[PDB]
$ cat structure_30.cif   # mmCIF, N, CA, C and O atoms
data_final
loop_
_atom_site.label_atom_id
_atom_site.label_comp_id
_atom_site.auth_asym_id
_atom_site.auth_seq_id
_atom_site.Cartn_x
_atom_site.Cartn_y
_atom_site.Cartn_z
N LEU O 1 0.83 -1.20 0.00
CA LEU O 1 0.00 0.00 0.00
C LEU O 1 0.86 1.26 0.00
O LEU O 1 0.55 2.24 -0.69
N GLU O 2 1.96 1.24 0.77
CA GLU O 2 2.90 2.36 0.71
C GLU O 2 3.46 2.52 -0.70
O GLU O 2 3.59 3.64 -1.20
N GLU O 3 3.79 1.40 -1.35
CA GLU O 3 4.30 1.45 -2.72
C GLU O 3 3.24 1.96 -3.68
O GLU O 3 3.57 2.64 -4.65
N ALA O 4 1.97 1.63 -3.45
CA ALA O 4 0.91 2.13 -4.31
C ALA O 4 0.75 3.64 -4.17
O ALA O 4 0.59 4.35 -5.17
N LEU O 5 0.79 4.14 -2.93
CA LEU O 5 0.75 5.59 -2.73
C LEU O 5 1.96 6.26 -3.39
O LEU O 5 1.82 7.31 -4.04
N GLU O 6 3.14 5.66 -3.24
CA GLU O 6 4.34 6.23 -3.86
C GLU O 6 4.24 6.19 -5.38
O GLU O 6 4.71 7.11 -6.06
N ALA O 7 3.62 5.15 -5.93
CA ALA O 7 3.48 5.05 -7.38
C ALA O 7 2.48 6.07 -7.90
O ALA O 7 2.65 6.61 -9.00
N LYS O 8 1.42 6.33 -7.14
CA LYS O 8 0.49 7.40 -7.51
C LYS O 8 1.19 8.75 -7.51
O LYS O 8 1.05 9.55 -8.45
N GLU O 9 1.97 9.02 -6.45
CA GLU O 9 2.73 10.27 -6.40
C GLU O 9 3.73 10.35 -7.55
O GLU O 9 3.95 11.43 -8.12
N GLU O 10 4.34 9.22 -7.91
CA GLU O 10 5.31 9.20 -9.00
C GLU O 10 4.64 9.45 -10.34
O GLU O 10 5.19 10.14 -11.20
N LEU O 11 3.45 8.88 -10.54
CA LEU O 11 2.70 9.15 -11.76
C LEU O 11 2.32 10.63 -11.85
O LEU O 11 2.40 11.23 -12.92
N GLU O 12 1.93 11.22 -10.72
CA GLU O 12 1.62 12.65 -10.71
C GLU O 12 2.85 13.48 -11.06
O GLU O 12 2.78 14.41 -11.88
N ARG O 13 3.99 13.17 -10.45
CA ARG O 13 5.22 13.91 -10.73
C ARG O 13 5.66 13.73 -12.17
O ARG O 13 6.14 14.67 -12.80
N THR O 14 5.49 12.52 -12.72
CA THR O 14 5.86 12.28 -14.10
C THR O 14 4.94 13.03 -15.05
O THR O 14 5.39 13.54 -16.08
N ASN O 15 3.65 13.11 -14.73
CA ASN O 15 2.73 13.90 -15.54
C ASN O 15 3.11 15.37 -15.52
O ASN O 15 3.11 16.04 -16.56
N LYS O 16 3.46 15.89 -14.34
CA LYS O 16 3.89 17.29 -14.25
C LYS O 16 5.16 17.52 -15.04
O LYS O 16 5.29 18.54 -15.74
N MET O 17 6.12 16.59 -14.95
CA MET O 17 7.37 16.73 -15.69
C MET O 17 7.12 16.68 -17.19
O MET O 17 7.74 17.43 -17.96
N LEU O 18 6.23 15.79 -17.64
CA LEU O 18 5.92 15.70 -19.06
C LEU O 18 5.22 16.96 -19.54
O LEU O 18 5.48 17.42 -20.66
N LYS O 19 4.35 17.54 -18.72
CA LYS O 19 3.71 18.80 -19.09
C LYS O 19 4.73 19.92 -19.21
O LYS O 19 4.69 20.70 -20.17
N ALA O 20 5.65 20.01 -18.25
CA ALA O 20 6.68 21.04 -18.31
C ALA O 20 7.58 20.85 -19.53
O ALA O 20 7.93 21.82 -20.21
N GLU O 21 7.93 19.60 -19.83
CA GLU O 21 8.78 19.33 -20.99
C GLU O 21 8.06 19.65 -22.29
O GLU O 21 8.66 20.18 -23.22
N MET O 22 6.76 19.34 -22.36
CA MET O 22 5.99 19.67 -23.56
C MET O 22 5.88 21.18 -23.73
O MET O 22 5.99 21.69 -24.85
N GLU O 23 5.68 21.91 -22.64
CA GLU O 23 5.63 23.37 -22.72
C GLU O 23 6.97 23.94 -23.18
O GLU O 23 7.01 24.84 -24.03
N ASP O 24 8.07 23.42 -22.63
CA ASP O 24 9.39 23.90 -23.04
C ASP O 24 9.67 23.58 -24.50
O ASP O 24 10.25 24.40 -25.22
N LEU O 25 9.27 22.39 -24.95
CA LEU O 25 9.48 22.02 -26.34
C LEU O 25 8.64 22.88 -27.28
O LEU O 25 9.10 23.26 -28.36
N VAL O 26 7.41 23.19 -26.88
CA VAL O 26 6.56 24.07 -27.68
C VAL O 26 7.17 25.46 -27.76
O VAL O 26 7.18 26.10 -28.82
N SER O 27 7.70 25.96 -26.64
CA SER O 27 8.34 27.27 -26.64
C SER O 27 9.58 27.28 -27.53
O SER O 27 9.81 28.24 -28.27
N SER O 28 10.38 26.21 -27.47
CA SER O 28 11.57 26.14 -28.31
C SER O 28 11.21 26.05 -29.79
O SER O 28 11.85 26.69 -30.63
N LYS O 29 10.18 25.27 -30.12
CA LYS O 29 9.74 25.17 -31.50
C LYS O 29 9.19 26.50 -32.00
O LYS O 29 9.42 26.88 -33.16
N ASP O 30 8.48 27.23 -31.14
CA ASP O 30 7.99 28.55 -31.52
C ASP O 30 9.14 29.52 -31.75
O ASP O 30 9.14 30.29 -32.71
N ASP O 31 10.15 29.49 -30.87
CA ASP O 31 11.31 30.35 -31.05
C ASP O 31 12.07 30.00 -32.33
O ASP O 31 12.62 30.89 -32.99
N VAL O 32 12.10 28.71 -32.69
CA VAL O 32 12.77 28.30 -33.92
C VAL O 32 11.99 28.79 -35.14
O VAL O 32 12.55 29.38 -36.06
N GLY O 33 10.68 28.54 -35.15
CA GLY O 33 9.83 28.96 -36.25
C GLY O 33 9.59 30.45 -36.33
O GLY O 33 9.03 30.92 -37.33
N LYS O 34 10.00 31.20 -35.31
CA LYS O 34 9.88 32.66 -35.32
C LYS O 34 10.87 33.33 -36.27
O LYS O 34 11.01 34.56 -36.18
N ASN O 35 11.55 32.57 -37.14
CA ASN O 35 12.47 33.17 -38.10
C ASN O 35 11.79 34.24 -38.95
O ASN O 35 12.46 35.17 -39.42
N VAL O 36 10.48 34.14 -39.14
CA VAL O 36 9.73 35.18 -39.85
C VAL O 36 9.03 36.06 -38.82
O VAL O 36 9.34 37.25 -38.70
N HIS O 37 8.11 35.47 -38.06
CA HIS O 37 7.38 36.15 -36.98
C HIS O 37 6.84 37.51 -37.44
O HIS O 37 7.22 38.57 -36.94
N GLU O 38 5.94 37.45 -38.42
CA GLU O 38 5.35 38.67 -38.99
C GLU O 38 4.49 39.35 -37.94
O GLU O 38 3.38 38.90 -37.64
N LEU O 39 5.00 40.44 -37.36
CA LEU O 39 4.27 41.14 -36.32
C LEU O 39 3.06 41.88 -36.89
O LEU O 39 2.05 42.03 -36.19
N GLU O 40 3.14 42.33 -38.14
CA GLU O 40 1.99 42.96 -38.78
C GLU O 40 0.82 41.99 -38.84
O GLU O 40 -0.31 42.34 -38.47
N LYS O 41 1.07 40.76 -39.30
CA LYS O 41 0.04 39.74 -39.26
C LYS O 41 -0.27 39.32 -37.83
O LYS O 41 -1.42 38.98 -37.52
N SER O 42 0.73 39.34 -36.95
CA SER O 42 0.52 38.91 -35.57
C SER O 42 -0.43 39.83 -34.82
O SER O 42 -1.08 39.40 -33.87
N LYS O 43 -0.52 41.10 -35.23
CA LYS O 43 -1.48 42.01 -34.62
C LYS O 43 -2.91 41.51 -34.82
O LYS O 43 -3.65 41.28 -33.85
N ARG O 44 -3.31 41.31 -36.07
CA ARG O 44 -4.62 40.74 -36.34
C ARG O 44 -4.75 39.35 -35.72
O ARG O 44 -5.81 39.00 -35.19
N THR O 45 -3.66 38.57 -35.74
CA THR O 45 -3.67 37.22 -35.22
C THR O 45 -4.06 37.21 -33.75
O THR O 45 -5.13 36.70 -33.40
N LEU O 46 -3.23 37.78 -32.88
CA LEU O 46 -3.59 37.90 -31.47
C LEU O 46 -4.29 39.21 -31.16
O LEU O 46 -4.01 39.87 -30.15
N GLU O 47 -5.21 39.60 -32.03
CA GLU O 47 -6.36 40.43 -31.68
C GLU O 47 -7.66 39.67 -31.89
O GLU O 47 -8.51 39.64 -31.00
N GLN O 48 -7.82 39.05 -33.06
CA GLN O 48 -8.90 38.08 -33.23
C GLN O 48 -8.77 36.94 -32.23
O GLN O 48 -9.79 36.44 -31.74
N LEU Z 1 11.06 -5.67 -3.23
CA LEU Z 1 12.07 -5.30 -4.21
C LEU Z 1 11.48 -4.38 -5.27
O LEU Z 1 12.10 -3.37 -5.64
N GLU Z 2 10.29 -4.70 -5.77
CA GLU Z 2 9.64 -3.85 -6.76
C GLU Z 2 9.33 -2.47 -6.18
O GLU Z 2 9.46 -1.46 -6.87
N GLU Z 3 8.95 -2.42 -4.90
CA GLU Z 3 8.64 -1.14 -4.27
C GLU Z 3 9.88 -0.28 -4.12
O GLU Z 3 9.84 0.93 -4.37
N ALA Z 4 11.00 -0.89 -3.70
CA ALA Z 4 12.24 -0.14 -3.60
C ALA Z 4 12.69 0.36 -4.97
O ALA Z 4 13.14 1.51 -5.10
N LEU Z 5 12.57 -0.49 -5.99
CA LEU Z 5 12.95 -0.06 -7.34
C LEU Z 5 12.06 1.08 -7.82
O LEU Z 5 12.55 2.04 -8.43
N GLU Z 6 10.76 1.01 -7.54
CA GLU Z 6 9.85 2.06 -7.97
C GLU Z 6 10.12 3.36 -7.21
O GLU Z 6 10.01 4.45 -7.79
N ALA Z 7 10.47 3.27 -5.93
CA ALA Z 7 10.81 4.47 -5.18
C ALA Z 7 12.08 5.11 -5.71
O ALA Z 7 12.16 6.34 -5.84
N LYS Z 8 13.09 4.29 -6.02
CA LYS Z 8 14.31 4.83 -6.61
C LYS Z 8 14.03 5.47 -7.96
O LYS Z 8 14.56 6.55 -8.28
N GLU Z 9 13.19 4.83 -8.78
CA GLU Z 9 12.84 5.40 -10.08
C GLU Z 9 12.07 6.70 -9.92
O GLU Z 9 12.27 7.64 -10.70
N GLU Z 10 11.20 6.78 -8.91
CA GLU Z 10 10.46 8.01 -8.67
C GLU Z 10 11.39 9.13 -8.22
O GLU Z 10 11.22 10.28 -8.63
N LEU Z 11 12.37 8.81 -7.38
CA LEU Z 11 13.34 9.82 -6.96
C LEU Z 11 14.16 10.31 -8.14
O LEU Z 11 14.40 11.52 -8.29
N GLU Z 12 14.61 9.38 -9.00
CA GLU Z 12 15.36 9.78 -10.19
C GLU Z 12 14.50 10.63 -11.12
O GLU Z 12 14.98 11.61 -11.70
N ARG Z 13 13.22 10.28 -11.26
CA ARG Z 13 12.32 11.05 -12.11
C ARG Z 13 12.08 12.44 -11.53
O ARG Z 13 11.96 13.41 -12.28
N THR Z 14 12.01 12.55 -10.21
CA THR Z 14 11.84 13.86 -9.59
C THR Z 14 13.08 14.72 -9.78
O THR Z 14 12.97 15.93 -10.06
N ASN Z 15 14.27 14.13 -9.65
CA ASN Z 15 15.50 14.88 -9.91
C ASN Z 15 15.56 15.32 -11.37
O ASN Z 15 15.94 16.46 -11.66
N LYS Z 16 15.19 14.43 -12.29
CA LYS Z 16 15.18 14.79 -13.71
C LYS Z 16 14.16 15.87 -13.99
O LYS Z 16 14.39 16.75 -14.83
N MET Z 17 13.02 15.83 -13.30
CA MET Z 17 12.00 16.86 -13.48
C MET Z 17 12.49 18.21 -12.98
O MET Z 17 12.25 19.24 -13.61
N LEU Z 18 13.19 18.22 -11.84
CA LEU Z 18 13.76 19.47 -11.34
C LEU Z 18 14.80 20.02 -12.31
O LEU Z 18 14.81 21.23 -12.60
N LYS Z 19 15.67 19.15 -12.83
CA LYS Z 19 16.68 19.60 -13.79
C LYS Z 19 16.03 20.13 -15.06
O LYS Z 19 16.45 21.16 -15.60
N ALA Z 20 15.00 19.44 -15.55
CA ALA Z 20 14.32 19.88 -16.77
C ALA Z 20 13.58 21.19 -16.54
O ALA Z 20 13.52 22.03 -17.44
N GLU Z 21 13.01 21.38 -15.35
CA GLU Z 21 12.35 22.64 -15.05
C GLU Z 21 13.35 23.79 -14.99
O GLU Z 21 13.08 24.88 -15.50
N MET Z 22 14.51 23.55 -14.37
CA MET Z 22 15.55 24.58 -14.36
C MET Z 22 16.01 24.90 -15.77
O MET Z 22 16.18 26.08 -16.13
N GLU Z 23 16.20 23.88 -16.61
CA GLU Z 23 16.64 24.11 -17.98
C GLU Z 23 15.58 24.85 -18.78
O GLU Z 23 15.90 25.72 -19.59
N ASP Z 24 14.30 24.53 -18.56
CA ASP Z 24 13.23 25.22 -19.26
C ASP Z 24 13.14 26.68 -18.82
O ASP Z 24 12.91 27.56 -19.65
N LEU Z 25 13.31 26.94 -17.53
CA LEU Z 25 13.33 28.32 -17.06
C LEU Z 25 14.49 29.09 -17.66
O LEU Z 25 14.34 30.25 -18.06
N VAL Z 26 15.66 28.46 -17.75
CA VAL Z 26 16.82 29.13 -18.34
C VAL Z 26 16.60 29.40 -19.82
O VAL Z 26 16.95 30.47 -20.33
N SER Z 27 16.00 28.44 -20.53
CA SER Z 27 15.74 28.64 -21.95
C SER Z 27 14.70 29.73 -22.18
O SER Z 27 14.82 30.53 -23.11
N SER Z 28 13.67 29.78 -21.33
CA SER Z 28 12.68 30.84 -21.43
C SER Z 28 13.30 32.20 -21.12
O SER Z 28 12.97 33.20 -21.78
N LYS Z 29 14.20 32.25 -20.15
CA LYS Z 29 14.89 33.51 -19.84
C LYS Z 29 15.76 33.95 -21.01
O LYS Z 29 15.81 35.14 -21.34
N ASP Z 30 16.45 33.01 -21.65
CA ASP Z 30 17.27 33.35 -22.81
C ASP Z 30 16.41 33.84 -23.97
O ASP Z 30 16.74 34.82 -24.63
N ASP Z 31 15.28 33.16 -24.22
CA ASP Z 31 14.38 33.59 -25.28
C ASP Z 31 13.76 34.95 -24.98
O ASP Z 31 13.52 35.73 -25.91
N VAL Z 32 13.52 35.26 -23.71
CA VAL Z 32 12.96 36.56 -23.35
C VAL Z 32 14.02 37.65 -23.51
O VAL Z 32 13.73 38.75 -23.98
N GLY Z 33 15.26 37.36 -23.10
CA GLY Z 33 16.34 38.31 -23.31
C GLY Z 33 16.60 38.58 -24.77
O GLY Z 33 16.95 39.70 -25.15
N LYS Z 34 16.46 37.55 -25.62
CA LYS Z 34 16.54 37.76 -27.06
C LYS Z 34 15.28 38.39 -27.63
O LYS Z 34 15.31 38.92 -28.74
N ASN Z 35 14.17 38.35 -26.88
CA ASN Z 35 12.91 38.95 -27.32
C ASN Z 35 12.64 40.30 -26.68
O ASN Z 35 11.75 41.02 -27.15
N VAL Z 36 13.38 40.67 -25.63
CA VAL Z 36 13.27 42.02 -25.08
C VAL Z 36 13.62 43.04 -26.15
O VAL Z 36 12.85 43.96 -26.43
N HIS Z 37 14.79 42.88 -26.77
CA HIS Z 37 15.07 43.59 -28.01
C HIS Z 37 14.13 43.07 -29.10
O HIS Z 37 13.81 41.88 -29.14
N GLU Z 38 13.69 43.98 -29.97
CA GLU Z 38 12.64 43.68 -30.95
C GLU Z 38 11.37 43.20 -30.23
O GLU Z 38 10.96 42.04 -30.33
N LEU Z 39 10.79 44.14 -29.47
CA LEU Z 39 9.66 43.85 -28.59
C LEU Z 39 8.55 43.07 -29.27
O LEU Z 39 7.74 42.44 -28.58
N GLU Z 40 8.46 43.12 -30.60
CA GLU Z 40 7.51 42.27 -31.31
C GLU Z 40 7.74 40.80 -31.01
O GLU Z 40 6.78 40.02 -30.97
N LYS Z 41 9.00 40.40 -30.80
CA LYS Z 41 9.29 39.01 -30.45
C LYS Z 41 8.70 38.65 -29.10
O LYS Z 41 8.08 37.59 -28.94
N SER Z 42 8.88 39.52 -28.10
CA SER Z 42 8.29 39.27 -26.79
C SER Z 42 6.77 39.28 -26.86
O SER Z 42 6.10 38.51 -26.16
N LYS Z 43 6.21 40.15 -27.71
CA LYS Z 43 4.76 40.18 -27.88
C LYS Z 43 4.25 38.88 -28.49
O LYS Z 43 3.23 38.34 -28.05
N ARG Z 44 4.96 38.35 -29.49
CA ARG Z 44 4.56 37.08 -30.08
C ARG Z 44 4.72 35.93 -29.09
O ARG Z 44 3.91 34.99 -29.09
N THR Z 45 5.75 35.99 -28.24
CA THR Z 45 5.91 34.96 -27.22
C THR Z 45 4.76 34.99 -26.22
O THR Z 45 4.21 33.95 -25.85
N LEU Z 46 4.39 36.19 -25.77
CA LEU Z 46 3.25 36.32 -24.86
C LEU Z 46 1.96 35.86 -25.54
O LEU Z 46 1.10 35.25 -24.89
N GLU Z 47 1.81 36.14 -26.83
CA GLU Z 47 0.63 35.70 -27.56
C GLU Z 47 0.58 34.18 -27.65
O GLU Z 47 -0.49 33.58 -27.50
N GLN Z 48 1.72 33.54 -27.90
CA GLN Z 48 1.76 32.08 -27.93
C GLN Z 48 1.44 31.49 -26.57
O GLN Z 48 0.72 30.49 -26.47
#
$ encode --input "structure_30.cif" --output "structure tokens"
Amino acid sequence: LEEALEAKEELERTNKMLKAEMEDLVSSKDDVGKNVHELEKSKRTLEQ
Amino acid sequence: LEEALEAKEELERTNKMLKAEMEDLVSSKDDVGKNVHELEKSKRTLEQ
């Protein structure tokens, strides 16, 4: 039962780590693809 | 034995999660410092 509680906590921590890693990877991919980053279009983009 | 192995794996995963979170924070700080100049870059990052 102690191992089951620890495994639940470990699954939670692994989910949090995977979420953080996915966010970091998305940010890195966005920074890479920002080679153009048309701010004129981005105005309408993140206004709509 | 399985419980001890799972606890060790959970500790290693927590250490890896801490390291990955530190690395993600450092990468975000670097991207923000590169986006502070040309404020449109920081605006696009905030929009993303």
$ residues_around --input "structure_30.cif" --residues "residue 14 of chain O" --least-positions-apart "6" --cutoff "8 Å" --atoms "all atoms listed in the file" --output "ChimeraX atom specification"
/O:7-8,20-21 /Z:10,13-14,17
$ residues_around --input "structure_30.cif" --residues "residue 46 of chain O" --least-positions-apart "4" --cutoff "8 Å" --atoms "all atoms listed in the file" --output "mmCIF file with N, CA, C and O atoms, in the coordinates of the input"
data_model
loop_
_atom_site.group_PDB
_atom_site.id
_atom_site.type_symbol
_atom_site.label_atom_id
_atom_site.label_comp_id
_atom_site.auth_asym_id
_atom_site.auth_seq_id
_atom_site.Cartn_x
_atom_site.Cartn_y
_atom_site.Cartn_z
ATOM 1 N N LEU O 39 5.000 40.440 -37.360
ATOM 2 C CA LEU O 39 4.270 41.140 -36.320
ATOM 3 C C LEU O 39 3.060 41.880 -36.890
ATOM 4 O O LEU O 39 2.050 42.030 -36.190
ATOM 5 N N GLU O 40 3.140 42.330 -38.140
ATOM 6 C CA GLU O 40 1.990 42.960 -38.780
ATOM 7 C C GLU O 40 0.820 41.990 -38.840
ATOM 8 O O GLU O 40 -0.310 42.340 -38.470
ATOM 9 N N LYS O 41 1.070 40.760 -39.300
ATOM 10 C CA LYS O 41 0.040 39.740 -39.260
ATOM 11 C C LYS O 41 -0.270 39.320 -37.830
ATOM 12 O O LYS O 41 -1.420 38.980 -37.520
ATOM 13 N N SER O 42 0.730 39.340 -36.950
ATOM 14 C CA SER O 42 0.520 38.910 -35.570
ATOM 15 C C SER O 42 -0.430 39.830 -34.820
ATOM 16 O O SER O 42 -1.080 39.400 -33.870
ATOM 17 N N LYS Z 43 6.210 40.150 -27.710
ATOM 18 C CA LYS Z 43 4.760 40.180 -27.880
ATOM 19 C C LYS Z 43 4.250 38.880 -28.490
ATOM 20 O O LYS Z 43 3.230 38.340 -28.050
ATOM 21 N N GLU Z 47 1.810 36.140 -26.830
ATOM 22 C CA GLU Z 47 0.630 35.700 -27.560
ATOM 23 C C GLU Z 47 0.580 34.180 -27.650
ATOM 24 O O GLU Z 47 -0.490 33.580 -27.500
ATOM 25 N N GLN Z 48 1.720 33.540 -27.900
ATOM 26 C CA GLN Z 48 1.760 32.080 -27.930
ATOM 27 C C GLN Z 48 1.440 31.490 -26.570
ATOM 28 O O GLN Z 48 0.720 30.490 -26.470
#
$ atom_distance --input "structure_30.cif" --atom1 "atom CA of residue 34 of chain O" --atom2 "atom CA of residue 19 of chain Z"
26.1 Å
$ select_by_dssp --input "structure_30.cif" --residues "chain O" --states "alpha helix (DSSP H)" --output "ChimeraX atom specification"
/O:2-33,39-45
$ atom_distance --input "structure_30.cif" --atom1 "atom O of residue 12 of chain O" --atom2 "atom CA of residue 6 of chain Z"
14.8 Å
$ closest_residue --input "structure_30.cif" --among "Z:44, Z:38, Z:15, Z:26" --to "chain O" --atoms "only C-alpha atoms"
Z:44
$ atom_distance --input "structure_30.cif" --atom1 "atom CA of residue 11 of chain Z" --atom2 "atom CA of residue 27 of chain Z"
24.2 Å
